[PDB]
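J.: Here it is, the structure, as structure tokens.
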Amino acid sequence: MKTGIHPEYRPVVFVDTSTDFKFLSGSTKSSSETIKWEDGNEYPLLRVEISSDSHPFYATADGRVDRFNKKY
Amino acid sequence: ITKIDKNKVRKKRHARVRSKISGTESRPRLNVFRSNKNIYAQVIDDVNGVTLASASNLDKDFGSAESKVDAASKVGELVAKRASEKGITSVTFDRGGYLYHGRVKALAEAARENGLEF
Amino acid sequence: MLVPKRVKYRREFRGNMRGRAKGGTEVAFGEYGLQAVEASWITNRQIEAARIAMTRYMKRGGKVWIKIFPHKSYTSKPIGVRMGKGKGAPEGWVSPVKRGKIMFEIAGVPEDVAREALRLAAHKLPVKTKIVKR
Amino acid sequence: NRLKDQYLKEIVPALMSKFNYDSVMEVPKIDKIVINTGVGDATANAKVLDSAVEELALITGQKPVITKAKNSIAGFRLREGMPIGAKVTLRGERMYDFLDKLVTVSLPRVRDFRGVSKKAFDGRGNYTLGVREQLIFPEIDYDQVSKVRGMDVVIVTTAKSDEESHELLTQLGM
Amino acid sequence: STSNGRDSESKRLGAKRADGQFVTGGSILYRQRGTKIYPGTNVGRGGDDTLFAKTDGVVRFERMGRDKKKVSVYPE
Amino acid sequence: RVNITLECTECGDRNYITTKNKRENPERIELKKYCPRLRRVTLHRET
RNA sequence: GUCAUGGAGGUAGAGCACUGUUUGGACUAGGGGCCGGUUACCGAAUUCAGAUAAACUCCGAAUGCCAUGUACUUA
RNA sequence: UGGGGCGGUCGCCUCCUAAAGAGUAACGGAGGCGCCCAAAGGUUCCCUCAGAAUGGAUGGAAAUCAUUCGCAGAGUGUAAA
RNA sequence: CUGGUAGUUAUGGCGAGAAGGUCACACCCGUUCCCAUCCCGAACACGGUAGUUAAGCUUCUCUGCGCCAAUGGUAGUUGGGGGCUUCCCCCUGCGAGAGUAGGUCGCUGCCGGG
Ligand SMILES: [Mg+2]
Ligand SMILES: [Mg+2]
Ligand SMILES: [Mg+2]
Ligand SMILES: [Mg+2]
Ligand SMILES: [Mg+2]
Ligand SMILES: [Mg+2]
Ligand SMILES: [Mg+2]
Ligand SMILES: [Mg+2]
Ligand SMILES: [Mg+2]
Ligand SMILES: [Mg+2]
Ligand SMILES: [Mg+2]
Ligand SMILES: [Zn+2]
């Protein structure tokens, strides 16, 4: 941890777009959102697409929704 | 991954400093052993291989420690007095393969402040 | 023709062949062999001539081992050349054979064939030979 | 961070039960990881290395260590002196936070993370992932990423043999 | 005709003093390339690996470990 | 690669001679060498 | 000069532990074809047995050489 | 100068010949030199090479990374010891 | 008994197996302070001991690898003498290398705690 030279880094909690899965993590992006989960150590909010919260191995707008709404 | 061997790699470093530092009858060698909790000081001459003085945290008395960094300075005060009892005045400092930064360092100034010349 | 693929030095001393053979004086692979009684240089052209004569008599039967190899080279000068001005160009390859060295070995044939195929080969070499068994 | 809340709490007792270890010190650890990319095409261009090292730093959070060449090779118009690739060797809390996003949001970003990939083991108990697409991590700038080179992710563990090495990553999620 | 014919000048290396012989300080005991023999007690090494005596005494060619050798000078 | 001389900066007498590469060291080399006349260490600059 | 003691030094011999040269087996690692073999489009490496060297050495004499002696003889 | 001429050589360094101290010739057998480095010098502190096997992406037989074996099979500005 | 620190050509090393101990020595926990990472408290340095003898370490067993090593014989050879001289033979003194019997899982000194 040599001072100054290293780039910025700060833990951030992510949420899945499919389920709003609270997922404590770390990143280097503020994402313009901050929540107060686990008060006393505030964490920013950075949303993310499909992840381990609802991963198949582990449809909302565009893709099929246009396909189903058009053809039904 | 193979776990690192802390003491064995030090023996390689201690053999490097021993190529130029040796103890004789007139000027013995002052050696230092540092562990995770204890620091040991010893005075040796290599012409015949005997110990002239020794002091450490395991001494008979004088128990007073703080951060085990000035405890070495307490050790250095005792070894300097014990070594100077028999007339030893000039010695050479053997690092023991360590650095010269903390506990090993602060041991040295304790002897220099007392009746010992490095 | 048995020749080394490459050599470190083109030119070479001639050496000497005094004393009994260093090693290989016992037949190991085959059952019969030619033992040299005298010592002399043996070229690769004499090895080939002795190899064909001994192989042909068996009608390509059995197995044949060659226990020597021409490592050493030798040079020569043309006719009409005075002495001096360097060393001659290499010409051939020899194998200094000391006394007692086994040169060829034979297996896979009856005794009468073995005792006869060896003597046809022994007439192509400049050494006095002998036939020995295991 | 939560991996500490998930490894020490329940993964540690699971290994002892499944393997019958004599003491607790035999439960395998995670020692170090490396991120080696390889930019050997930069032997002629001095602008490719600037972005890739900067991109890797944002992905991990530590300064990349610009490597060099060891031997001179004729057929690649390459010699001694120029940099070839870079690596980052993180350790500590960053060890699990990097894996925290790698096994949660980075893997689904691939076209198909469901590929088992159980043959990538070194044979002593270390797993070396080889994700080459520079889009799995949701931190790298997609538009700003000019080129696309390949990467390596190496997991080294104190697991003596493969079965307990594979077993650990299964409980950690893989 | 023929290349070659060139050679250097012999440098007269080797031992210059005998075992058990009294030597004055500063006298050369061994000339060499590299370190065929290591310096010992009261013996230094020169810029080009020559071993010389630092004080008067008797030369002793002794043996270091299994694959090494040294020379020392012991005052009488 | 040429041969150069070093000149004292107080006495002005040329005490030392060295060599340097004129393509890699186009400047005038300065070194701190012992000056016999003043019996003290003195900066020396190439003439 | 001999005797006793101590050394430095790799020749003769020998050996394959390195470097070249080299014989017969085992093993055909291989990667693309043919129909797992053929590696017949190869011996690349390891192993067994057997050789070879002025510019090879894991070894290594007899002699000769340098010293010490207060030994005996001799100029 | 194995007659002279033609050809080749003429100073310095390393190896073999050189016969186990040093020295030792031939128009004998092999190679280099007429420089370079302001750090490739001094000192203090620190650590260890080539190669192979496996795991992998651009990148294949070899580019970079990870583990294991590894007495030097590397390196030592340049010729050899 | 244990922790340091030296001498001795590995007969001392390597490999394999078992036991032991937080009295020492260790692994260990974190980086506020000192110091450090071509990055990373991995190491160097720093403050303590939640836990463990897995490792290190210390003991005990081996001949598997390695290392040491005779006796006899042979090669070679100083001196003397003969042949039919690519070389060979005899007498006296010296005398290897390879192979083998055999040996080895070390032996000694000082100091501090028990
Ligand atoms: Mg010098
Ligand atoms: Mg010089
Ligand atoms: Mg030995
Ligand atoms: Mg003698
Ligand atoms: Mg010979
Ligand atoms: Mg001689
Ligand atoms: Mg000589
Ligand atoms: Mg020339
Ligand atoms: Mg250098
Ligand atoms: Mg004998
Ligand atoms: Mg013997
Ligand atoms: Zn001046």
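J.: What size of dipole, in debye to the nearest 20, comes out for chain B about its Cα centre when the only charges are +1 on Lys and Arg C-beta atoms and -1 on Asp and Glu C-beta atoms?
T.: Using Cβ point charges on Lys, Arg, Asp and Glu, chain B gives about 840 debye.
J.: Let me ask you something else. Let me confirm one metric for peptide A:15-28, namely the mean number of other chain beta-carbon atoms within 10 Å of its residues' beta-carbons.
T.: 3
J.: Note down the net charge around residue B:59, summing +1 for each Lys or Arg and -1 for each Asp or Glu among other residues with Cβ under 12 Å from its Cβ.
T.: +2
J.: Considering the protein assembly as shown, which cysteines have no disulfide-compatible partner, defined as another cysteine with its Cβ under 4.7 Å away?
T.: Lacking a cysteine Cβ partner under 4.7 Å: F:35.
J.: Hey, how many Å between the Cα centroid of region D:5-32 and the Cα centroid of region D:95-159?
T.: Answer, in whole Å: 24.
J.: Something else now. Could you list D:106, C:76 in order of exposure, starting from the residue whose Cβ has the fewest other Cβ atoms within 10 Å?
T.: So the ranking, lowest neighbour count to highest, is C:76, D:106.
J.: Please state the charge dipole magnitude for chain F, taken about the Cα centre, from unit charges on C-beta atoms (+1 on K and R, -1 on D and E), reported in debye and rounded to the nearest 20.
T.: Charge dipole of chain F: 140 debye, to the nearest 20.
J.: Still on this structure: Do any trypsin sites (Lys or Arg not before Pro) in region B:1-72 lie in a DSSP loop with no more than 13 other beta carbon atoms within 10 Å, and if so, which?
T.: Filter output for region B:1-72: B:3, B:20, B:37, B:60.
J.: Within the set A:2/B:74; A:70/D:101; B:11/F:32; D:32/D:68; C:59/C:133; B:11/D:32, which residue pairs have Cα atoms separated by over 31 Å?
T.: Long pairs (Cα-Cα over 31 Å): A:2/B:74; A:70/D:101; B:11/F:32.
J.: If one computes the Cα centroid of region C:10-59 and of region B:70-118, what distance in Å separates the two points?
T.: Taking the Cα centre of region B:70-118 as reference, the centre of region C:10-59 is 79 Å away.
J.: Another one. Helix C:111-122 against the longest principal axis of chain C: what's the angle in degrees, Cα atoms only, rounded to the nearest 10?
T.: 10
J.: Right, here's the next one. State the Cα centre-to-centre distance between region B:1-62 and region E:35-63 in whole Å.
T.: The two parts, judged by their Cα centres, are 30 Å apart.
J.: For Cα pairs less than 8 Å apart in space and 6+ apart in sequence, what is the mean separation divided by the residue count of chain B, i.e. the relative contact order in percent?
T.: 28
J.: Further question on the same structure: Placing +1 on the Cβ of each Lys and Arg and -1 on the Cβ of each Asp and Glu in the protein assembly as shown, which of D:169, B:14, E:44 has its Cα farthest towards the positive end of the resulting dipole?
T.: The one lying farthest along the dipole's positive direction is E:44.
J.: In units of 2.2 N^0.38 Å, what is the alpha-carbon radius of gyration of chain A?
T.: 1.53
J.: Output wanted: per-residue J couplings in Hz (rounded whole) for region A:32-43, from phi through Karplus 6.51 cos²θ - 1.76 cosθ + 1.60, θ = phi - 60°, x for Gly and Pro.
T.: 6, 10, 9, 10, 10, 5, 6, 4, x, 9, 6, 10
J.: For chain C, take the longest principal axis of its alpha carbons; what is the angle in degrees between that and the long axis of helix C:44-57, to the nearest 10 within 0 to 90?
T.: 20
J.: Along the charge dipole of chain C, which of C:70, C:88, C:57 sits closest to the positive end, that is, farthest toward it, with unit charges on the beta carbon of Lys, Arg, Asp and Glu (+1, +1, -1, -1)?
T.: Projecting each Cα onto the dipole axis, the largest value belongs to C:88.
J.: Evaluate the distance, in nm, between pseudo-label points positioned 7 Å from the Cα of residue D:20 and of residue B:86 along their respective Cα→Cβ axes.
T.: The modelled label-to-label distance comes out at 5.8 nm.
J.: How many nm separate the modelled label positions at residue B:69 and residue E:3, each set 7 Å beyond the Cα in the direction of the Cβ?
T.: Roughly 6.9 nm, to one decimal.
J.: Separate question: Less than 13 Å Cβ to Cβ from residue E:69, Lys/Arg counted +1 and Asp/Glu -1: what total charge do the surrounding residues give?
T.: Charge balance near residue E:69 sits at +3.
J.: Along the positive direction of the dipole of the protein assembly as shown (beta-carbon charges: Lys, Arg +1; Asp, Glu -1; about the Cα centre), which of A:45, D:126, B:87 reaches farthest?
T.: The residue sitting most towards the positive pole is B:87.
J.: Here is a further query. Label residue A:61 and residue F:4 with points 7 Å out from Cα along Cα→Cβ: what is the distance between them in nm?
T.: 7.1
J.: Take residue D:45, project a point 7 Å from its Cα along the Cβ direction, then tell me which residues of region D:119-158 have their backbone nitrogen under 19 Å from it.
T.: D:132-135, D:141-151
J.: Shifting gears a bit: In a Debye calculation with equal point scatterers on the alpha-carbon sites of chain D and no solvent, what is log10 I(q)/I(0) at q = 0.16 Å⁻¹?
T.: These q points yield log10 I(q)/I(0) values of -1.02.
J.: Now a separate question. Find the relative contact order for region C:57-134 and round it to a whole percent, using C-alpha pairs within less than 8 Å whose residues are 6+ positions apart.
T.: So the answer I get is 36 percent.
J.: Normalising by the residue count of chain D, find the relative contact order in percent from Cα pairs under 8 Å and 6+ residues apart.
T.: 30
J.: Moving on. Each residue of region D:133-148 in turn: what ³J(HN,Hα) in whole Hz from Karplus with 6.51, -1.76, 1.60 and θ = phi - 60°, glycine and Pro shown as x?
T.: Here the 3J(HN,Hα) series is 5, 8, 9, 5, 6, x, 10, 6, 6, 5, 5, 5, 5, 6, 9, 9 Hz.
J.: Return the FRET efficiency for the residue pair residue C:112, residue E:66: r is the Cβ-Cβ distance, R0 is 45 Å, and the value is rounded to the nearest 0.05.
T.: So, using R0 = 45 Å, E works out to roughly 0.15.
J.: Loop by DSSP (not H, G, I, E, B), at most 12 other beta-carbon atoms within 10 Å: where is the longest site-free stretch of chain B for GluC sites (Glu not before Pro)?
T.: Between exposed loop sites, the widest span is B:67-118.
J.: Which is the longest run of chain D containing none of the GluC sites (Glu not before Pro) found in DSSP loop states (not H, G, I, E, B) with at most 13 other C-beta atoms within 10 Å?
T.: By the stated rule (loop sites, at most 13 other Cβ atoms within 10 Å), D:1-79.
J.: Please report the net charge: other residues with Cβ closer than 10 Å to the Cβ of residue B:44, K and R +1, D and E -1.
T.: -2
J.: Just how large is the dipole of the protein assembly as shown about the Cα centre, in debye to the nearest 20, putting +1 at every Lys and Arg Cβ and -1 at every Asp and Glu Cβ?
T.: 5400
J.: Summarise the long-distance tail of P(r) for the protein assembly as shown by giving the % of C-alpha pairs beyond 42 Å.
T.: Counting every Cα pair in the protein assembly as shown, those more than 42 Å apart make up 67 percent.
Don't worry about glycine lacking a Cβ; one is built from the backbone with ideal geometry, like all the others, and counts go over all protein chains shown. Read-outs throughout are calculated quantities, based only on the coordinates presented, and are distinct from any laboratory measurement.
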